[PDB]
>>> print(open('protein-v9.csv').read())   # CSV, C-alpha atoms
chain,number,residue,atom,x,y,z
F,1,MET,CA,84.0,91.4,56.6
F,2,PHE,CA,84.3,91.4,60.4
F,3,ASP,CA,87.1,91.9,62.8
F,4,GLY,CA,89.0,88.6,62.9
F,5,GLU,CA,90.1,88.6,59.2
F,6,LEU,CA,90.8,92.4,59.4
F,7,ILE,CA,93.3,91.7,62.3
F,8,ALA,CA,94.8,88.7,60.5
F,9,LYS,CA,95.5,90.7,57.3
F,10,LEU,CA,96.7,93.7,59.3
F,11,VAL,CA,99.2,91.6,61.2
F,12,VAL,CA,100.5,90.0,58.0
F,13,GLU,CA,101.0,93.4,56.5
F,14,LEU,CA,102.7,94.7,59.6
F,15,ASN,CA,105.0,91.7,59.5
F,16,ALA,CA,105.9,92.4,55.9
F,17,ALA,CA,106.5,96.1,56.6
F,18,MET,CA,108.8,95.3,59.6
F,19,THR,CA,110.7,92.8,57.5
F,20,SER,CA,111.3,95.6,55.0
F,21,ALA,CA,112.2,98.1,57.7
F,22,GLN,CA,114.8,95.7,59.2
F,23,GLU,CA,116.6,95.5,55.9
F,24,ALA,CA,116.3,99.3,55.5
F,25,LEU,CA,117.5,100.4,59.0
F,26,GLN,CA,119.3,97.3,60.5
F,27,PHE,CA,117.5,96.6,63.8
F,28,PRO,CA,118.6,93.6,65.8
F,29,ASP,CA,115.2,92.0,65.6
F,30,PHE,CA,111.5,92.9,65.7
F,31,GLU,CA,108.2,91.7,66.9
F,32,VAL,CA,104.5,92.6,66.3
F,33,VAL,CA,102.0,92.3,69.1
F,34,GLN,CA,98.5,93.6,69.9
F,35,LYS,CA,97.6,96.0,72.8
F,36,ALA,CA,94.6,93.9,73.7
F,37,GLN,CA,96.1,91.0,75.7
F,38,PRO,CA,93.3,89.0,77.1
F,39,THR,CA,95.8,87.2,79.4
F,40,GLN,CA,98.3,88.7,81.8
F,41,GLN,CA,101.6,89.2,79.9
F,42,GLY,CA,104.9,91.0,80.4
F,43,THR,CA,106.1,92.7,77.2
F,44,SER,CA,109.4,92.1,75.5
F,45,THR,CA,112.8,93.9,75.4
F,46,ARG,CA,112.9,94.0,71.6
F,47,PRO,CA,112.0,96.6,69.0
F,48,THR,CA,108.2,96.2,69.1
F,49,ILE,CA,105.2,97.5,67.2
F,50,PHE,CA,101.7,97.8,68.7
F,51,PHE,CA,98.3,98.2,67.3
F,52,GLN,CA,94.7,98.6,68.6
F,53,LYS,CA,91.3,99.7,67.3
F,54,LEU,CA,89.7,102.8,68.7
F,55,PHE,CA,86.3,103.3,67.1
F,56,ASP,CA,84.1,103.0,64.0
F,57,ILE,CA,82.1,105.2,61.6
F,58,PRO,CA,79.2,103.9,59.5
F,59,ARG,CA,79.9,106.4,56.6
F,60,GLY,CA,76.7,106.4,54.5
F,61,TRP,CA,73.2,105.1,54.4
F,62,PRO,CA,72.9,101.3,54.0
F,63,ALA,CA,72.6,100.0,50.5
F,64,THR,CA,70.3,97.0,49.9
F,65,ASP,CA,70.2,94.5,47.1
F,66,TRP,CA,67.7,91.7,46.3
F,67,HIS,CA,68.6,88.2,45.2
F,68,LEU,CA,65.8,85.7,44.4
F,69,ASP,CA,65.8,82.1,45.4
F,70,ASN,CA,63.5,80.3,42.9
F,71,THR,CA,63.3,77.0,44.6
F,72,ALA,CA,61.9,78.4,47.9
F,73,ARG,CA,60.2,81.4,46.3
F,74,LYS,CA,61.9,83.9,48.6
F,75,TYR,CA,64.0,87.1,48.3
F,76,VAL,CA,67.3,87.2,50.1
F,77,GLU,CA,67.9,90.8,51.1
F,78,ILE,CA,71.6,91.7,51.2
F,79,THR,CA,72.6,94.9,53.0
F,80,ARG,CA,76.0,96.5,52.6
F,81,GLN,CA,77.5,99.3,54.7
F,82,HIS,CA,80.8,101.0,53.9
F,83,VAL,CA,82.6,101.0,57.2
F,84,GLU,CA,85.6,103.2,58.3
F,85,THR,CA,87.7,102.0,61.3
F,86,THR,CA,90.6,103.7,63.1
F,87,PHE,CA,93.7,101.8,64.3
F,88,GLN,CA,96.5,103.2,66.5
F,89,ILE,CA,100.0,102.2,65.7
F,90,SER,CA,102.8,102.7,68.2
F,91,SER,CA,106.3,101.4,68.8
F,92,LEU,CA,108.9,101.0,71.6
F,93,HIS,CA,112.7,101.0,71.5
F,94,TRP,CA,115.3,101.7,74.2
F,95,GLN,CA,118.3,103.8,73.3
F,96,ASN,CA,121.7,102.5,74.3
F,97,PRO,CA,124.0,105.6,74.5
F,98,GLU,CA,127.2,103.6,74.0
F,99,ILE,CA,126.5,102.2,70.6
F,100,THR,CA,127.7,104.5,67.7
F,101,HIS,CA,125.1,103.2,65.3
F,102,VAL,CA,121.9,105.1,66.3
F,103,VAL,CA,118.3,104.2,65.3
F,104,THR,CA,115.3,105.8,67.0
F,105,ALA,CA,111.8,104.5,67.8
F,106,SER,CA,110.6,107.6,65.9
F,107,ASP,CA,112.5,106.3,62.9
F,108,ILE,CA,110.7,102.9,63.1
F,109,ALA,CA,107.3,104.6,63.4
F,110,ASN,CA,108.1,107.0,60.5
F,111,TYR,CA,109.2,104.1,58.3
F,112,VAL,CA,106.2,102.0,59.1
F,113,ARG,CA,103.9,105.0,58.4
F,114,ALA,CA,105.6,105.7,55.1
F,115,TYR,CA,105.4,102.1,54.0
F,116,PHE,CA,101.6,102.1,54.2
F,117,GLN,CA,101.3,105.3,52.2
F,118,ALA,CA,103.2,104.1,49.1
F,119,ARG,CA,101.4,103.4,45.9
F,120,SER,CA,102.7,99.9,45.6
F,121,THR,CA,101.5,99.0,49.1
F,122,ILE,CA,98.0,100.3,48.3
F,123,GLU,CA,98.0,98.3,45.0
F,124,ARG,CA,98.9,95.2,47.0
F,125,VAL,CA,96.3,95.9,49.6
F,126,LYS,CA,93.4,96.6,47.2
F,127,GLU,CA,93.1,92.9,46.3
F,128,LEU,CA,92.7,92.2,50.1
F,129,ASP,CA,89.4,94.2,49.9
F,130,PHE,CA,90.3,97.3,51.9
F,131,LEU,CA,92.0,100.7,51.4
F,132,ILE,CA,93.9,103.3,53.5
F,133,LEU,CA,93.3,107.0,53.9
F,134,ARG,CA,95.9,109.7,54.6
F,135,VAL,CA,97.9,109.9,57.9
F,136,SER,CA,98.3,113.4,59.3
F,137,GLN,CA,100.4,113.4,62.5
F,138,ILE,CA,103.0,111.5,64.5
F,139,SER,CA,103.8,112.4,68.1
F,140,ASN,CA,106.5,111.5,70.6
F,141,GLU,CA,105.7,111.0,74.2
F,142,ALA,CA,108.1,110.5,77.1
F,143,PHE,CA,107.5,108.3,80.1
F,144,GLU,CA,109.5,107.1,83.1
F,145,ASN,CA,109.7,103.4,82.3
F,146,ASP,CA,110.0,100.6,84.8
F,147,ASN,CA,113.8,101.0,85.0
F,148,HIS,CA,113.4,104.7,86.0
F,149,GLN,CA,114.9,105.6,82.6
F,150,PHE,CA,113.3,108.0,80.2
F,151,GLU,CA,112.2,106.8,76.8
F,152,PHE,CA,109.8,107.6,74.0
F,153,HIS,CA,106.5,106.0,72.8
F,154,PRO,CA,105.7,107.4,69.4
F,155,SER,CA,102.3,106.7,67.9
F,156,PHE,CA,100.0,107.6,65.0
F,157,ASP,CA,96.5,106.8,63.7
F,158,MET,CA,95.5,104.9,60.6
F,159,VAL,CA,92.2,104.6,58.8
F,160,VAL,CA,90.9,101.4,57.0
F,161,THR,CA,87.8,101.3,54.9
F,162,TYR,CA,85.9,98.1,54.1
F,163,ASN,CA,82.4,96.7,53.6
F,164,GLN,CA,80.1,94.8,55.9
F,165,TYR,CA,77.4,92.3,54.8
F,166,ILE,CA,74.3,90.9,56.4
F,167,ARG,CA,71.6,88.8,54.9
F,168,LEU,CA,67.8,88.5,55.6
F,169,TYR,CA,64.7,87.0,54.1
F,170,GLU,CA,61.6,88.6,52.6
F,171,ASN,CA,58.4,87.4,50.8
F,172,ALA,CA,58.0,87.5,47.0
F,173,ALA,CA,55.1,88.4,44.8
F,174,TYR,CA,54.4,86.9,41.4
F,175,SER,CA,51.3,88.6,40.0
F,176,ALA,CA,49.2,91.8,40.1
F,177,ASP,CA,45.4,92.5,40.1
F,178,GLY,CA,43.5,95.7,40.0
F,179,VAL,CA,40.0,97.3,39.9
F,180,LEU,CA,39.0,100.4,37.9
F,181,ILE,CA,36.1,102.6,39.1
F,182,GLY,CA,34.7,105.9,37.9
T,2,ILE,CA,119.4,85.1,111.1
T,3,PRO,CA,118.9,85.3,107.3
T,4,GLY,CA,120.4,81.8,107.2
T,5,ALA,CA,118.3,78.8,108.1
T,6,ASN,CA,114.7,79.0,106.7
T,7,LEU,CA,112.4,80.5,109.3
T,8,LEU,CA,109.2,79.5,107.4
T,9,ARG,CA,110.6,76.0,107.3
T,10,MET,CA,110.5,75.7,111.1
T,11,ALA,CA,107.4,77.8,111.4
T,12,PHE,CA,105.5,75.3,109.3
T,13,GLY,CA,106.2,72.7,111.9
T,14,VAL,CA,103.8,74.3,114.4
T,15,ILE,CA,100.9,76.2,112.7
T,16,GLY,CA,100.0,73.6,110.0
T,17,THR,CA,99.5,74.3,106.3
T,18,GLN,CA,97.5,73.4,103.2
T,19,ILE,CA,98.4,71.7,99.9
T,20,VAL,CA,98.2,73.4,96.5
T,21,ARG,CA,99.2,72.4,92.9
T,22,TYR,CA,101.8,74.7,91.4
T,23,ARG,CA,102.9,75.0,87.8
T,24,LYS,CA,105.6,77.2,86.3
T,25,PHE,CA,105.8,79.1,83.1
T,26,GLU,CA,108.2,78.2,80.3
T,27,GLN,CA,107.5,80.1,77.0
T,28,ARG,CA,104.8,81.6,74.9
T,29,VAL,CA,103.8,81.9,71.2
T,30,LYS,CA,101.3,83.7,69.0
T,31,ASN,CA,97.9,82.8,67.7
T,32,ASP,CA,97.9,84.7,64.3
T,33,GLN,CA,96.1,87.6,66.1
T,34,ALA,CA,99.1,89.2,67.8
T,35,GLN,CA,97.8,87.7,71.1
T,36,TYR,CA,100.1,85.8,73.3
T,37,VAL,CA,99.2,82.3,74.3
T,38,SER,CA,101.2,80.9,77.2
T,39,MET,CA,102.1,77.3,78.1
T,40,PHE,CA,103.2,75.8,81.5
T,41,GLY,CA,104.8,72.6,82.5
T,42,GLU,CA,104.5,69.7,85.0
T,43,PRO,CA,102.3,70.9,87.9
T,44,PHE,CA,103.4,69.6,91.2
T,45,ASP,CA,102.3,69.6,94.9
T,46,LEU,CA,103.6,72.3,97.2
T,47,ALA,CA,103.0,73.0,100.9
T,48,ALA,CA,102.0,76.5,101.7
T,49,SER,CA,100.0,78.7,104.1
T,50,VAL,CA,97.0,80.6,102.7
T,51,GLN,CA,95.7,83.8,104.3
T,52,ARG,CA,93.0,86.4,103.7
T,53,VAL,CA,92.9,90.1,102.6
T,54,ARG,CA,89.2,89.9,101.9
T,55,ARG,CA,87.8,91.7,98.9
T,56,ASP,CA,85.1,94.3,98.9
T,57,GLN,CA,83.4,95.2,95.6
T,58,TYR,CA,82.9,98.4,93.6
T,59,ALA,CA,80.9,99.4,90.6
T,60,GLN,CA,81.4,100.7,87.0
T,61,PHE,CA,77.8,101.0,86.0
T,62,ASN,CA,75.3,98.4,87.3
T,63,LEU,CA,78.3,96.0,87.1
T,64,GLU,CA,79.6,95.0,90.5
T,65,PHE,CA,82.8,93.1,89.6
T,66,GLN,CA,84.1,91.9,93.0
T,67,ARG,CA,87.8,90.9,92.5
T,68,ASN,CA,88.9,87.9,94.5
T,69,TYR,CA,92.2,88.0,96.4
T,70,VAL,CA,94.3,85.5,98.4
T,71,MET,CA,97.6,85.7,100.3
T,72,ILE,CA,99.9,82.7,100.3
T,73,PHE,CA,103.1,82.0,102.2
T,74,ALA,CA,105.4,79.4,100.6
T,75,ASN,CA,109.1,78.5,100.7
T,76,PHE,CA,109.5,78.7,96.9
T,77,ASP,CA,111.4,81.1,94.7
T,78,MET,CA,108.4,82.1,92.6
T,79,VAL,CA,108.1,85.0,90.1
T,80,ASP,CA,104.9,87.0,89.5
T,81,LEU,CA,105.9,89.0,86.4
T,82,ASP,CA,108.8,90.0,84.2
T,83,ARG,CA,109.4,90.1,80.4
T,84,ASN,CA,108.0,86.5,80.8
T,85,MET,CA,104.7,85.2,82.1
T,86,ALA,CA,103.4,84.5,85.6
T,87,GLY,CA,102.7,81.3,87.7
T,88,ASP,CA,99.6,79.5,88.5
T,89,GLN,CA,98.0,77.6,91.5
T,90,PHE,CA,94.6,76.5,92.6
T,91,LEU,CA,93.3,75.7,96.1
T,92,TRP,CA,89.9,75.1,94.4
T,93,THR,CA,90.1,77.4,91.3
T,94,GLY,CA,93.0,78.7,89.2
T,95,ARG,CA,94.8,81.8,90.5
T,96,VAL,CA,97.6,84.2,89.5
T,97,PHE,CA,99.6,86.4,91.8
T,98,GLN,CA,101.4,89.8,91.7
T,99,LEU,CA,104.4,90.3,94.1
T,100,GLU,CA,107.8,89.0,95.2
T,101,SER,CA,109.5,88.3,98.5
T,102,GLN,CA,112.9,87.3,100.1
T,103,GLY,CA,113.4,84.4,97.7
T,104,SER,CA,117.2,84.4,97.4
T,105,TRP,CA,117.6,83.8,101.1
T,106,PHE,CA,115.1,81.3,102.3
T,107,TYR,CA,111.4,81.9,101.5
T,108,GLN,CA,108.8,84.0,99.8
T,109,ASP,CA,105.3,85.4,100.0
T,110,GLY,CA,102.5,85.3,97.5
T,111,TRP,CA,99.2,86.7,96.2
T,112,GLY,CA,96.4,85.5,94.0
T,113,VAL,CA,93.4,86.5,91.9
T,114,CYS,CA,90.7,83.9,91.5
T,115,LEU,CA,90.4,82.9,87.9
T,116,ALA,CA,87.1,81.3,86.9
T,117,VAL,CA,87.2,77.6,87.6
T,118,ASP,CA,89.2,74.4,87.4
T,119,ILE,CA,88.7,71.8,84.6
T,120,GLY,CA,87.7,68.9,86.8
T,121,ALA,CA,88.3,65.2,86.5
T,122,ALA,CA,90.1,65.0,89.9
T,123,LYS,CA,90.6,68.8,89.8
T,124,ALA,CA,93.1,69.1,86.9
>>> encode(input="protein-v9.csv", output="structure tokens")
Amino acid sequence: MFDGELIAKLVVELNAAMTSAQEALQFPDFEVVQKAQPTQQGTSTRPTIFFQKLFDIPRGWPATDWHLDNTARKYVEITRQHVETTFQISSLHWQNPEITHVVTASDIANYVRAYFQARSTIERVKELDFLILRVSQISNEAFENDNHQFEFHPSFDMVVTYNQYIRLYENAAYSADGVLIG
Amino acid sequence: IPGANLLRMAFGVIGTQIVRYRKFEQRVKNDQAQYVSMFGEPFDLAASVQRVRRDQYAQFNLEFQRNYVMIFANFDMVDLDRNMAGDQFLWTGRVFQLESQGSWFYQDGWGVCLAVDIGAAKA
């Protein structure tokens, strides 16, 4: 299970989480994008969520299985590795001081993090062939922004565990012979 | 005077080139959270193209010379905002990063050489 379907499932789940959060906290509108734009782009002035992959851990010695093809008299060797990968989730939202109804980018980040940690979410995810570990920290960072106005860029890290498969060929034996000496 | 277009009358002396210019309209997603942009109706524009003349660098064994071009045109063209950029090609696709005195009479341009053009009469 390689990257492309991982990203597709992750964006679907993030869209569902943001649809829930919009009902919960009443944002104007939301948008989910990646932080890996191959083409020059210009960002959006809407409550946005971002994701990106940092690195990978093999987590265990490879496990090999043997499946026999009778017609061609060959063993098909399947190797499985239990991979752990790390994703960074971050959000942006600009605070308008005049509006009385206040919602923070930190609120959106906290709600998105809490959604993925619920039991029901994990039960839904399990049938998509991956699972999530515990999240331990969320941080707020302040930057100057292109309008020379301070704002926050909260972020946190998530861990997703899955399996990777490759296949190879190997010869097969069908009999045994021996010699006994003394 | 910031009235009549100065680049308009200047182009009557020096002599210019011809480029194909296309503007940005809107963008969508490709079920990967990656933006894919789309442009509309490329047309012919008269402009003067200059040099800034790249020198390369290294990261490790990788040279990566970045190609640059400077273009003067009497068009109100945008390089970047919450929307996309514009495109051109003297011989290969390019994209620019700047602005200039558009709301009066003319602007100035940039350009980074993208890979190639499609072909078939240089689409």
>>> interface_residues(input="protein-v9.csv", of="chain F", to="chain T", cutoff="9 Å", atoms="only C-alpha atoms", output="PDB file with C-alpha atoms, keeping the file's coordinate frame")
ATOM      1  CA  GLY F   4      89.000  88.600  62.900  1.00  0.00           C
ATOM      2  CA  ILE F   7      93.300  91.700  62.300  1.00  0.00           C
ATOM      3  CA  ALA F   8      94.800  88.700  60.500  1.00  0.00           C
ATOM      4  CA  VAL F  11      99.200  91.600  61.200  1.00  0.00           C
ATOM      5  CA  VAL F  12     100.500  90.000  58.000  1.00  0.00           C
ATOM      6  CA  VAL F  32     104.500  92.600  66.300  1.00  0.00           C
ATOM      7  CA  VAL F  33     102.000  92.300  69.100  1.00  0.00           C
ATOM      8  CA  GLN F  34      98.500  93.600  69.900  1.00  0.00           C
ATOM      9  CA  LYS F  35      97.600  96.000  72.800  1.00  0.00           C
ATOM     10  CA  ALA F  36      94.600  93.900  73.700  1.00  0.00           C
ATOM     11  CA  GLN F  37      96.100  91.000  75.700  1.00  0.00           C
ATOM     12  CA  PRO F  38      93.300  89.000  77.100  1.00  0.00           C
ATOM     13  CA  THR F  39      95.800  87.200  79.400  1.00  0.00           C
ATOM     14  CA  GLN F  40      98.300  88.700  81.800  1.00  0.00           C
ATOM     15  CA  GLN F  41     101.600  89.200  79.900  1.00  0.00           C
ATOM     16  CA  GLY F  42     104.900  91.000  80.400  1.00  0.00           C
ATOM     17  CA  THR F  43     106.100  92.700  77.200  1.00  0.00           C
ATOM     18  CA  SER F  44     109.400  92.100  75.500  1.00  0.00           C
ATOM     19  CA  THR F  45     112.800  93.900  75.400  1.00  0.00           C
TER      20      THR F  45
END
>>> atom_distance(input="protein-v9.csv", atom1="CA of residue 26 (chain T)", atom2="CA of residue 109 (chain T)")
21.2 Å
>>> closest_residue(input="protein-v9.csv", among="T:62, T:68, T:18, T:49", to="residue 93 (chain T)", atoms="all atoms listed in the file")
T:68
>>> atom_distance(input="protein-v9.csv", atom1="CA of residue 134 (chain F)", atom2="CA of residue 31 (chain F)")
25.0 Å
>>> residues_around(input="protein-v9.csv", residues="residue 101 (chain T)", least_positions_apart="5", cutoff="9 Å", atoms="all atoms listed in the file", output="list in words")
residues 77, 78, 107, 108, 109 and 110 of chain T
>>> residues_near_point(input="protein-v9.csv", point="(89.0, 102.1, 52.4)", cutoff="6 Å", atoms="all atoms listed in the file", output="PyMOL selection string")
chain F and resi 130-132+160-162
>>> atom_distance(input="protein-v9.csv", atom1="CA of residue 112 (chain F)", atom2="CA of residue 89 (chain F)")
9.1 Å
>>> closest_residue(input="protein-v9.csv", among="F:121, F:70, F:47, F:26", to="residue 102 (chain F)", atoms="all atoms listed in the file")
F:26
>>> closest_residue(input="protein-v9.csv", among="F:107, F:78, F:153, F:94", to="residue 170 (chain F)", atoms="only C-alpha atoms")
F:78
>>> residues_around(input="protein-v9.csv", residues="residue 92 (chain T)", least_positions_apart="6", cutoff="8 Å", atoms="all atoms listed in the file", output="list in words")
residues 117, 118 and 123 of chain T
>>> closest_residue(input="protein-v9.csv", among="F:148, F:113, F:124, F:93", to="residue 136 (chain F)", atoms="all atoms listed in the file")
F:113
>>> residues_around(input="protein-v9.csv", residues="residue 9 (chain T)", least_positions_apart="6", cutoff="10 Å", atoms="all atoms listed in the file", output="list in words")
residues 74, 75, 106 and 107 of chain T
>>> closest_residue(input="protein-v9.csv", among="T:20, T:5, T:48, T:72", to="residue 124 (chain T)", atoms="only C-alpha atoms")
T:20
>>> residues_near_point(input="protein-v9.csv", point="(81.8, 95.6, 58.8)", cutoff="8 Å", atoms="only C-alpha atoms", output="list in words")
residues 1, 2, 3, 81, 82, 83, 162, 163, 164 and 165 of chain F
